[PDB]
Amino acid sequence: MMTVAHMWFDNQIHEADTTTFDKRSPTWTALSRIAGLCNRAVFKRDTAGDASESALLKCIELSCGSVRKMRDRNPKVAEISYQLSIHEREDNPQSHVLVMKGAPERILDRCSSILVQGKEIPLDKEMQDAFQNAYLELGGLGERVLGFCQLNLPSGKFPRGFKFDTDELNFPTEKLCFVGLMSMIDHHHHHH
């Protein structure tokens, strides 16, 4: 049974509440959403979906509340299974946000920018290294590591009700904004 153990964002490793750290950061707001929306899985309880998304669903459910309700005000418009999905932003219904997850390194390659304390900054060398190092620690704990990114689709070219072509990409899947990593562990010993 999977459970999110750690995560990397705002350039810092975080412990997942086994009972994230500071939720204040808007970066955590986005990661949380990417982990809840780019996720097919419903009901640490009885799952229905693959292991990883099961854990994510549990993590976000406990850390942020009803993901059921999160998925409700962020209508799925398109989807693929990396894994991605586009939604009508709760923020402003008129625009869309592309949420994607998958292999850390492959994910990283599709990102030009990255969020640090809510601020989007180019994903230069320094940051790529911060990522490699993080990716090394978490993977080194024998945990399954996932990468999370998103992209606020321009409302001009992708207005509300734009027919996204899931097969033949009718949109961009490159130059996304890296948000964070989330590592999960395959077992437990006791509960607190």
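Residue positions are given as counts along the sequence shown, with the first one as 1.
Where coordinates are absent for parts of the deposited sequence, a chain break appears; between neighbours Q94 and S95 there is no such break.
Unmodelled stretch separating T19 from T20: 4 to 9 residues (count of deposited-sequence residues without coordinates). On average the C-alpha atoms of 46-54 have higher B-factors than those of the other stretch, with 139-147 and 46-54 being the two compared. Two stretches are in play, 28-36 and 64-72, and the higher mean C-alpha B-factor belongs to 64-72. In the PDB entry, a CA B factor belonging to the highest third of its chain's modelled residues is recorded for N170.
Per the deposited record, the Cα B-factor of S112 falls in the highest third when ranked against the other modelled residues of its chain.
In this PDB entry, the Cα temperature factor of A134 sits in the middle third of its chain's modelled residues.
In the PDB entry, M1 places in the highest third of its chain by CA B-factor. Ranked by C-alpha B-factor against the other modelled residues of its chain, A78 falls in the highest third.
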